[PDB]
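[1] Experimental structure and sequence below.
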Amino acid sequence: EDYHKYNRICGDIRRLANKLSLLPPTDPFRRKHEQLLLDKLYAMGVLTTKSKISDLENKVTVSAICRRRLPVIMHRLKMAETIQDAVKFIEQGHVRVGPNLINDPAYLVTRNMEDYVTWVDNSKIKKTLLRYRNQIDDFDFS
Amino acid sequence: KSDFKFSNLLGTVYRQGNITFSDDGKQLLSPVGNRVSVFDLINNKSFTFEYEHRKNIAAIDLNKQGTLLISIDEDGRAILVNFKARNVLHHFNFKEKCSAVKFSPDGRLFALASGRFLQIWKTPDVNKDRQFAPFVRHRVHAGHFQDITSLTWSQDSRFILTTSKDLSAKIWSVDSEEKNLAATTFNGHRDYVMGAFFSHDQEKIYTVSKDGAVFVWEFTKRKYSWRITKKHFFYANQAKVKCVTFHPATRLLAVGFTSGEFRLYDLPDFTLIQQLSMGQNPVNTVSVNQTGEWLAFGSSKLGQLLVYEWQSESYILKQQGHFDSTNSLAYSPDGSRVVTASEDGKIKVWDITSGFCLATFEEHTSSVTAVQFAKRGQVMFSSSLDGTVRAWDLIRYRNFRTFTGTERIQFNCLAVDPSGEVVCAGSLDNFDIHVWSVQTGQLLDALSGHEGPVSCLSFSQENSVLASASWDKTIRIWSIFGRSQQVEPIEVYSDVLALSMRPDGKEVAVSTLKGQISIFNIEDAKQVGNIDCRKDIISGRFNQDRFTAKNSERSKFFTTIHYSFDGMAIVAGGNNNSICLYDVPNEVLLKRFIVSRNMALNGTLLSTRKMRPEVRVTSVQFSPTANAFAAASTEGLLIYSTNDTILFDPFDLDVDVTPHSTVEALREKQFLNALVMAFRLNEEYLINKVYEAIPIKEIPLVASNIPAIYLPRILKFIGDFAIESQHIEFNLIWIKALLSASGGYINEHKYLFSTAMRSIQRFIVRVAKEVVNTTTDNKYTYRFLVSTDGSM
Amino acid sequence: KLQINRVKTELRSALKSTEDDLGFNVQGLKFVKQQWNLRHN
Amino acid sequence: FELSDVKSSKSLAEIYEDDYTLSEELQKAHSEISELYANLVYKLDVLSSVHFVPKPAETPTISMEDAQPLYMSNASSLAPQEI
Amino acid sequence: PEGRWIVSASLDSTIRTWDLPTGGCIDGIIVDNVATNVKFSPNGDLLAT
Amino acid sequence: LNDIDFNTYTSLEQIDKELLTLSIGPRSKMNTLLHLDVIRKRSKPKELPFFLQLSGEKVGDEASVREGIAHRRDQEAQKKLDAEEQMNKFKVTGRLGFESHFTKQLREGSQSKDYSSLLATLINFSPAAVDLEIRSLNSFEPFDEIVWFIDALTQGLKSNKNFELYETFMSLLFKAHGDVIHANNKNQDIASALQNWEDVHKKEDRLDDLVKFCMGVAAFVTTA
Amino acid sequence: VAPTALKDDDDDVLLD
Amino acid sequence: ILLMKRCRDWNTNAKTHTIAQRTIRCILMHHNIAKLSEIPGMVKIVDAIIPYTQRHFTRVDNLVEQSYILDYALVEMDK
Ligand SMILES: [Mg+2]
């Protein structure tokens, strides 16, 4: 497993933030950009809680970005037993993030969109869930 | 009950390939992705060809006669089209990547640069009937050892210069007998040869290299042979020559470098006429007019197109398209202009008639999600993911106000009160609809109640109620104006993606995730109709798919919908390759349009994202003129119009009604009968003939006696005709007669005549006022000069 | 009918008189700007 | 303020010369900061975007795009109150 | 396709094109073999018989 | 009847002589002509000594400042050098006639009292070409060229064709030669030519009456 | 001729 | 200069612009326009008058358009 790309993202966050530390503290230009970076990472879900730039130096990690992966997200939500099963469901097109079907396992769910990841309406997997509960309603076609 | 046909593509003026000037010099041909766009510079108009290639266009050329246009894609597949009739003539496959194509100045022959081979073919005759196999190869030349960069025709159709990557410029003779005349290879350049040209006398040959060296070749004694008499160099610090063109008559050399700047030189003296820069991106193409007074330049990276008049240093054309897909579009209330927004965050205002960008706004930091006009039309609003809503004054083109939430909420949808005093926006993260005051800019309040993100908003243009829908599977009608506030929620079977409000304001349609368009009555809050859309939607299997298209459910719904201004049809689009037009009262599909046929686009047919461009429609709207609808897509703003009207759609026709009888009615001076009969046939040419043959004295008599059924038709005819016609006073006489004669009837039925009156007001405001406004200022300017005391 | 016919005529003339003065001044004041610009540029 | 304790590379003539002819270096960092931010935003945008995201993009220059129509004049863009 | 013309064939070995707005035969042909069917292309560029 | 036979029809150049007709072309030409000046400005492309003469507090001579002891022409001079440098850049030697085509017809039209040829070419020039010609009109007494141009336009207005183009031409005339006309308004030739244009131009006010009426009814009918 | 073929000094001294 | 300063201020208010316009009209009609330009500060005063005059001209002109409702009333009564 290669985390080359995420290391570059983590590194680029470190190099960028360091340059802000160099720029004089009272400058409004740096303060605005530092907050935008923190807001962006918070929106992405990398930072679970609003953090300071000094915290952003060390909280950002490859594992944090891996946690936002859709198959990893599904595993915690218990939609899939194991990551490999989650990837297979994504490839076969049984999962939707909001109104959009995502067939790319590499997709990272944002913080707001985390709540709306679910099975597609006509998935045979979804029918298996409702049949197990005996709650399958054919008016909803699922 | 109208037939819409693709007319033109806004938002894109140049994508790649070579731009070509028309032989008359009054029209410019620019390849726009998978199609060809033609710009009428003198008349300031444009149109896009309806024919479509499988892949992006690579090389095009138009013959000097102006009758035949050849276009070649990146796969070598060619399409020959009749320029005058705008109809495809033939398809031929050259089975190889053709770098360039050029017609002979005679027009009998055209030459192809295919790899390292020069192929010469015979031009099919346009006059002759359609031929199964019209393309015949005159000859194939194989001299070069590497790909041919470009080719140039001799003025007499007797020689061709081909420049290749072999650092050599080589000449050939079109006539086999004339092989001994020109069978020479020119060498000496230290880099790729980009262009070889004849002089006007054809005695001299100029060759230009990528390194920036121009070699002048003459036939002279050392017994006689071609020699480099003079050498010129472009001393660009690092820029490499990208495109070269030469005009023999004026001896103008226009060169575009990779640094994004172009130089004009006078040969053989190498006098630098001028040097300008369009930007930091390479200048991919350069072209010259037939007379040599207009220079056209094209940069592919940012889609810039520039037509430059070096005589007067004026810009005939200066345009740049959207770098990103157009996320939203909005028509001006009268339909004169359309505003487009892109994922960049830049808003561009377009003129429908000219098809050119009047202004570009770059204040928004992030993508602009929605754009909407006020009912008055002077003001335009836009919302962006950066967390701001901005109001734009289009008479003065300024952002006179900006609205924002307390905590920087990302906005996806927007709606404006008809009075232009309240603005509402929705978000995918807050679940509340923020309301602002236009005059003050303060947060009036947040409308709460949705348990899901608010997907879409709309105010009723008349009743001023607000309708919102969400992924909460519900629709809420807000009566915000008034002493007391009411909310009426309506449940829906699935998530609501798009919402449209009927122009009369009595019904609302919603497109759901199930692929259903459901219509509800707002006053009663009960469903009145439903339309199935899953089966109509055409979705292609993506190249990365591991499941079939029929089993695929990626997008079998419509993410955008809009009513027709008559109220009887809905146009719908989504993340798919189909634009479906339905009829609300009877719930049937009137027609389906294929958005794109480009094979490159994905939908037409663990750290790395597998992503390629896809075909999708972001927004659709009907033109308020009721003759066209525009659909924003990845390639650009597609506009379909019913202007051509080649169909025969008679109304209440009878055996007695005939075009000959209508002319006889005019000859007998039965003007009212002739006009009525012309409308029953519904032929524009016959209506126009009768319309212009009615004397001024008889207009009030005819106008008062027109049957009420034909009144909406005639008013619509006048408004559309008067916008581009020259008979300004004749039309105004007709409008005055109709309004005075049928003014009460129009008022009694405002909705019936809403589109006809709007077109009339566009003519009276956008052309008629400008004439009197200039006429009156001369009158006052005149009086001051004569009445006032002259200067010392 | 006669009252509306009358009220129309004097209403137009009074309005046009004000507009005539406004149109005259804007052109004259514009001309003054042009001459100062020409003599001082 | 910080005082340099090392020998100045600039000779005494040069310091007078330089002052004869807010900070260029500070603005230099600003341009790099924007470049780093833009590249970072693109990389995150691609990873979290459902749809395709294109990569963001002396001599006299021509302005391809203008904020106002060319025929429109700056004076006509000012309100009477502003004048 | 535009609804303006009707092209008809008959056992008298002729194909006639009729202009509906004027209600008159604008073109006439004589085919050696009787044309049993006549169909326009949806685009209108081709006529199949 | 051939037009009926080929189901086509071409709009008349002018339905009636008394009826005002616009030019057969784009409507943006009039807008371009009036605001040609600002278009040009908006379209213009975007642009030590060994004995350093330094004194004052900079070099520590604070005593000089206490006792009270204490280039734009050079830029003007350099701007002068650029102007002549621009002239040495171009050395065209082609033989050109004394008079342009535009001015030649202007003289001929006055001689024959028929500016139809001059008007016909006036409609044909580009907006840039039109502006240069009007600006280049001679402005010295007896002001023959200015009077002739007014006479040409006055004939065009009588024709009731190309109404918008002739109006904007006179708008350009006043813009470029208003001071000349204003200073010598009392001169008989200008006053006579001006009066004749006013006599015609006064007639073309019916259009304003039609335009005003239609909106007042159209706006009212669509509203109430 | 090439194989590809078809088919007063005004004095600068001026009195100032 | 004093009088034009008053005319400038009166012009800003739509309730008093009418008096300002006629006084300005009288000045232009009874003075040498060449002399008026040379007066220092006159141009800056004339800078302020023109934009407000244009606003007042755009209004009133619309009132002329609205006055044609009477014309539409008369033709309806004639029927
Ligand atoms: Mg109460």
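    That came through fine. Numbers count the residues shown, from 1 in each chain, chains lettered A, B, ... in the order given.
[2] and residue B:39, what is it in contact with?
    Contact partners of residue B:39, counting by C-beta atoms under 8 Å, 6 or more residues apart in numbering or on different chains, are B:13, B:27, B:28, B:30, B:45, B:46, B:317, B:355. Bear in mind the C-beta positions are built from the backbone N, C-alpha and C, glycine included.
[3] what's the helix or strand for it?
    Assigned by DSSP states H and E, residue B:39 belongs to strand B:35-40.
[4] partners of that strand, with directions?
    When pairing is defined by DSSP bridges, strand B:35-40 lines up against strand B:27-32 (antiparallel), strand B:45-48 (antiparallel).
[5] Looking at these, which one is packed in the most?
    strand B:27-32 (a mean of 24; mean count of other C-beta atoms under 10 Å in any protein chain shown).
[6] Contacts for the strand or helix carrying residue F:87, please.
    Using DSSP H and E, residue F:87 falls within helix F:72-89. The contact list for helix F:72-89 (C-beta under 8 Å, 6+ apart) is empty.
[7] Can you list the buried residues in the helix or strand just after it?
    Using DSSP H and E, the helix or strand that follows helix F:72-89 in sequence is helix F:101-112. Buried residues in helix F:101-112, counting neighbours by 16 or more other C-beta atoms under 10 Å in any protein chain shown, are found at F:102, F:103, F:105, F:106, F:109, F:110.
[8] Could you check helix F:101-112 against chain B for contacts?
    No. Between helix F:101-112 and chain B, judged by C-beta under 8 Å from any C-beta of the partner chain, nothing touches; the nearest distance is 15.7 Å.
[9] From the contact counts, what lies against that helix?
    If contacts are counted by 3 or more C-beta pairs under 8 Å, 6 or more residues apart in numbering or on different chains; DSSP states H and E, helix F:101-112 sits against helix F:116-124, helix F:144-159.
[10] rewinding a little: export the strands paired with strand B:35-40 as JSON lines, with columns for distance to residue D:46.
    Putting those into JSON lines (distance: least, C-beta to C-beta, whole Å) gives the following:
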{"stretch": "strand B:27-32", "distance to residue D:46": "26"}
{"stretch": "strand B:45-48", "distance to residue D:46": "31"}
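[11] distance between the helix holding residue F:87 and the chain's centre?
    When distances are taken as C-alpha atoms, centre = their mean, to the nearest Å, helix F:72-89 is centred 28 Å away from the chain's centroid.
[12] Over to stretch F:79-93?
    Relative to the centre of its chain, stretch F:79-93 is centred 27 Å away, using C-alpha atoms, centre = their mean.
[13] Pull out the CA atoms of that stretch and give them to me as CSV.
    Taking Å, rounded to 0.1, in the frame of the first residue of the first chain, the C-alpha atoms of stretch F:79-93 are listed here in CSV:
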residue,chain,number,x,y,z
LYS,F,79,7.5,61.9,-24.5
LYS,F,80,8.7,64.2,-27.3
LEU,F,81,11.5,61.8,-28.2
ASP,F,82,9.0,58.9,-28.4
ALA,F,83,6.8,60.9,-30.8
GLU,F,84,9.7,61.5,-33.3
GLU,F,85,10.9,58.0,-32.7
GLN,F,86,7.5,56.8,-33.8
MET,F,87,8.0,58.8,-37.0
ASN,F,88,11.4,57.5,-37.9
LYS,F,89,9.9,54.0,-37.4
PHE,F,90,7.6,54.4,-40.4
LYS,F,91,9.0,55.8,-43.7
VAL,F,92,6.2,55.0,-46.2
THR,F,93,7.0,56.6,-49.5
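[14] how about the single nearest residue of chain G relative to chain A, secondary structure?
    The nearest approach of chain G to chain A comes at residue G:4, 57.6 Å away (C-beta to the nearest C-beta). What DSSP: H, G, I helix; E, B strand; the rest coil gives for residue G:4 is coil.
[15] Chain C: which of the contacts of residue B:39 is nearest?
    residue B:317 (31.5 Å).
[16] Can you list the residue ranges for strands in chain A?
    Taking DSSP state E as the test, the strands found in chain A are A:95-97, A:100-101, A:117-119.
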